[PDB]
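First comes the structure, then the notes that go with it.
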Amino acid sequence: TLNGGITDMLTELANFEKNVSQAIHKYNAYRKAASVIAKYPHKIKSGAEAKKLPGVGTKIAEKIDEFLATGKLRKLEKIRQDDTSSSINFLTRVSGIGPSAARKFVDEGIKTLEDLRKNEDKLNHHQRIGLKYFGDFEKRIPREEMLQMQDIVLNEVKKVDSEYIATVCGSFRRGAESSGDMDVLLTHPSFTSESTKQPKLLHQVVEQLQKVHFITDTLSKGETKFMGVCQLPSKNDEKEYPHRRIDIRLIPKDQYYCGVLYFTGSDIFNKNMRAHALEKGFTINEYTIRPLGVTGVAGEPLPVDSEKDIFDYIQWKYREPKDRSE
DNA sequence: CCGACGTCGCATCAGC
DNA sequence: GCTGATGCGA
DNA sequence: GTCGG
Ligand SMILES: Nc1ncnc2c1ncn2[C@H]1C[C@H](O)[C@@H](COP(=O)(O)CP(=O)(O)OP(=O)(O)O)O1
Ligand SMILES: [Cl-]
Ligand SMILES: [Cl-]
Ligand SMILES: [Cl-]
Ligand SMILES: [Cl-]
Ligand SMILES: [Mg+2]
Ligand SMILES: [Mg+2]
Ligand code: NA
Ligand code: NA
């Protein structure tokens with residue numbers, strides 16, 4: 001937080017462009033600038049100094065000058081005033097509610113936490129759960145609780161089958177002292193890019209996690225992805241821990257490295273790494289890295305034996321998880 | 001200029 | 001039932 | 001909103 005004020009302004013501007021203007025390009029632009037400015041080792045002194053950083057053009061440079069001189073931004077001040085803007089922005093904070101659904105509700109007269117409760121009937125399952133744990137999902141998870149959560153997951157997974165390998169990724173693997181949620185990468189030798197020797201692989205795990213009452217709710221569930229809710233167990237007379245979001249991703253074992261790279265993120269890092277990949281003639285996803293033909297066509301998977309192999313193909317120095325928090 | 005700016009799983013809808 | 005677009009999220 | 005060709 002050397003330039004915490006500036007990166008917050010741009011983040012607010014990004015959230016506004018995405019939730020209200022439904023303009024993700026302006027969204028990505030602001031996110032990028034906030035990112036590049038967040039890793040800047042100096043205390044920005046002007047818009048011009050910031051403009052030297054890639055991603056900060058003229059418009060943002062001007063906005064930075066204003067912020068520095070007054071400690072605020074009029075454009076955002078007005079946005080905070082506007083009731084529709086603030087209402088939409090607010091509703092998008094409910095898990096499962098996006099710009100579209102937010103603007104729809106405000107068009108129907110639903111614009112507060114109270115309005116959502118007395119209209120639960122208009123929400124799909126996901127939105128209902130996001131509302132039910134609204135306060136809870138707004139809280140950060142101390143690493144200490146992440147560790148206890150890690151332990152429960154790995155151990156409950158081992159009990160279903162010793163061959164399952166569960167790895168906690170996301171901001172946790174990047175070393176954050178706190179996380180917004182828990183992300184779990186799962187692998188089993190019975191599921192490779194060549195065949196699915198077993199069914200209900202993710203199910204069995206989710207099932208066991210529910211059995212021990214760790215997983216409390218489900219937001220969505222397929223054969224390789226599970227998005228839900230979990231809660232650490234508490235002591236006698238001890239207050240309950242908040243419910244937490246939990247994501248599970250089953251990836252073909254032979255595609256592990258590509259999978260853990262993806263799931264470690266951050267999201268912006270992935271976008272940048274993948275963008276850079278395309279310029280170097282490759283395309284990367286959570287399964288593989290394939291070379292692109294002159295006609296823009298995904299070639300066949302390339303051999304990968306480590307995360308570092310992916311960075312090499314694109315000619316990037318390897319970067320430790322703790323340095324991929326862009 | 002001014003067009004390009006990662007990738008994909010699941011829930012839901014419309015159309016058939 | 002299906003496919004395919006869209007919303008929302010990882 | 002910013003960038004490179
Ligand atoms: N838009 C996107 N494009 C590409 N990859 C994306 C992505 N959103 C999420 N990911 C990937 C990388 C995240 O680390 C990882 C976890 O997704 P996540 O939403 O849990 C965010 P995380 O980075 O874990 O921080 P935190 O706020 O949860 O503590 O999923
Ligand atoms: Cl846009
Ligand atoms: Cl402001
Ligand atoms: Cl891989
Ligand atoms: Cl692939
Ligand atoms: Mg996370
Ligand atoms: Mg997550
Ligand atoms: Na710049
Ligand atoms: Na939301």
Side-chain angles (χ1 to χ4, degrees), chain A residues 10 13-14 16-19 21-37 47 50-64 75 91-105 122-130 137 168-173 179-186 202 206 218-228 245-252 255 258-280 282-290 292 296 298 310 314 326:
Chain A
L10 299 165
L13 287 173
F16 165 85
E17 294 298 349
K18 170 176 186 293
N19 308 320
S21 310
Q22 296 199 302
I24 26 65
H25 297 305
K26 294 199 173 188
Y27 165 78
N28 301 324
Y30 283 120
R31 293 214 61 198
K32 175 170 295 177
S35 178
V36 86
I37 289 184
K51 192 180 182 309
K52 293 175 184 173
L53 298 185
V56 178
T58 307
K59 291 302 213 65
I60 293 188
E62 299 182 2
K63 282 178 173 58
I64 279 179
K75 179 178 173 56
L91 297 176
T92 64
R93 284 163 58 178
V94 183
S95 181
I97 292 184
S100 181
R103 178 174 291 286
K104 181 176 174 61
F105 290 130
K122 296 185 175 180
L123 305 173
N124 51 44
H125 186 58
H126 184 156
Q127 307 176 312
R128 253 159 149 295
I129 302 295
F137 291 172
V168 181
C169 305
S171 56
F172 179 75
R173 186 153 179 281
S179 296
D181 76 337
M182 172 159 278
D183 300 302
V184 189
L185 180 47
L186 191 61
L202 179 56
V206 170
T218 304
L219 291 162
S220 56
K221 179 171 184 289
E223 313 195 324
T224 60
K225 186 172 85 188
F226 174 81
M227 292 168 54
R245 285 276 292 97
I246 178 162
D247 299 308
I248 299 173
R249 187 63 188 273
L250 167 66
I251 301 294
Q255 287 178 159
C258 276
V260 72
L261 166 62
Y262 151 74
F263 222 21
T264 292
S266 62
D267 61 344
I268 293 177
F269 170 91
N270 287 350
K271 181 175 182 291
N272 300 320
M273 177 169 208
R274 294 175 170 190
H276 177 69
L278 291 173
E279 302 186 307
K280 284 294 180 176
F282 306 68
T283 181
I284 303 179
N285 62 33
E286 67 268 62
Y287 306 119
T288 49
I289 168 168
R290 298 165 278 155
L292 291 182
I310 309 172
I314 70 175
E326 310 198 308

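All values below were derived from every heavy atom in this structure, side-chain atoms included, with hydrogens, water molecules and symmetry-related copies excluded. Reminder, nothing fancy here: chain letters follow the sequence lines and each chain counts from 1.
Residues A/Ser95 and A/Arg245 approach most closely at OG-NE, 4.3 Å, considering heavy atoms. When all heavy atoms of A/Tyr30 and A/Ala14 are compared, the pair lying nearest together is CB-CB, 3.5 Å. Of all heavy-atom pairs spanning A/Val168 and A/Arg173, the tightest one is O-CB, 3.6 Å. Here the closest non-hydrogen pair linking A/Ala61 and A/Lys51 is CB-CB, 4.3 Å. Of all non-hydrogen atoms in A/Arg274 and A/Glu286, the two that sit nearest each other are NH2-N, 3.4 Å. The shortest non-hydrogen separation linking A/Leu219 to A/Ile129 is CD2-CB, 3.7 Å.
Spacing between D/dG5 and B/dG3 at atom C1', rounded to whole Å, works out to 11 Å. Across the P atoms, D/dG4 and B/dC5 are found 14 Å apart, a figure rounded to whole Å. C/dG9 and B/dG6 are spaced 15 Å apart, taking the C1' atom of each and rounding to whole Å.
Using a 4.5 Å cut-off on side-chain heavy atoms (C-beta onward), A/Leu123 and A/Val94 make no contact. The closest side-chain heavy-atom distance from A/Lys225 to A/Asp247 is not below 4.5 Å. With a 4.5 Å cut-off on side-chain heavy atoms, A/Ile251 and A/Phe263 do not count as touching. Taking the side chain as every heavy atom from C-beta outward, A/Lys18 and A/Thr92 never approach each other to under 4.5 Å. A/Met227 has its side chain within reach of A/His126: a pair of non-hydrogen atoms, C-beta onward, lies under 4.5 Å apart.
Backbone-only engagement by A/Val94 is indicated by non-hydrogen atom pairs under 4.0 Å involving sugar-phosphate atoms exclusively. Residue contacts for A/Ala277: at a heavy-atom cut-off of 4.0 Å it reaches no nucleic acid atom on any strand shown. When heavy atoms are screened at a 4.0 angstrom cut-off, A/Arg103 is found touching no nucleic acid atom at all. A/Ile248 comes within 4.0 angstrom of no nucleic acid atom, judged by non-hydrogen atoms across all strands.
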>> Output one letter per nucleotide in nucleotides 4-13 of chain B: B when a protein non-hydrogen atom lies under 4.0 Å from the base, S when only the sugar-phosphate is that close, - when neither is.
In response: -BBBSBSSS-
Using the 3.5 Å cut-off, write out each protein N or O paired with an N or O of nucleotides 1-4 of chain C and the distance between them.
none

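Using the sign of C1'-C2'-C3'-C4' as the criterion, D/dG1 is classed as south-puckered. Nucleotide B/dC10 shows a negative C1'-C2'-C3'-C4' value and thus a south, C2'-endo-like sugar.
Computed from coordinates, the A/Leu91 CG to C/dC8 P distance equals 11 Å when rounded to whole Å. Distance A/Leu185 CG to C/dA10 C1': 12 Å, rounded to the nearest Å. If you measure from atom CE of A/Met273 to atom P of C/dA10, you get 22 Å, rounded to the nearest angstrom. Atom P of nucleotide C/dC8 and atom CZ of A/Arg245 are separated by 15 Å, given to the nearest angstrom. Straight-line distance from the CZ atom of A/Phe263 to the P atom of C/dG9: 16 Å, rounded to whole Å. In this structure, A/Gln22 places its CD atom 12 Å from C1' of C/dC8, rounding to the nearest Å.
Within the structure, the salt bridge (charged side-chain N to carboxylate O under 4.0 Å, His left out) test picks out no pair touching residues 53-64 of chain A (sequence neighbours left out).
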> Using Watson-Crick and G-U wobble pairs whose two distances are both under 3.5 Å, how do you write the pairing of DNA chain D as dot-bracket, with | for links to another strand?
Replying inline: ||.||
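Annotation: ring-ring contact (aromatic ring centres under 6.0 Å, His included) contacts of A/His276 (sequence neighbours excluded): A/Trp316.
Remark: side-chain polar atoms of A/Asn270 are paired, donor with acceptor, to backbone N or O of A/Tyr262 under 3.5 angstrom. Although no hydrogens or angles enter the test, the distance criterion places a donor-acceptor pair under 3.5 Å between the side chain of A/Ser35 and the main chain of A/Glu326.
Put simply, chain A comes within 4.0 Å of DNA chain D, heavy atom to any atom, from D/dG1 to D/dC3, going 5' to 3'.
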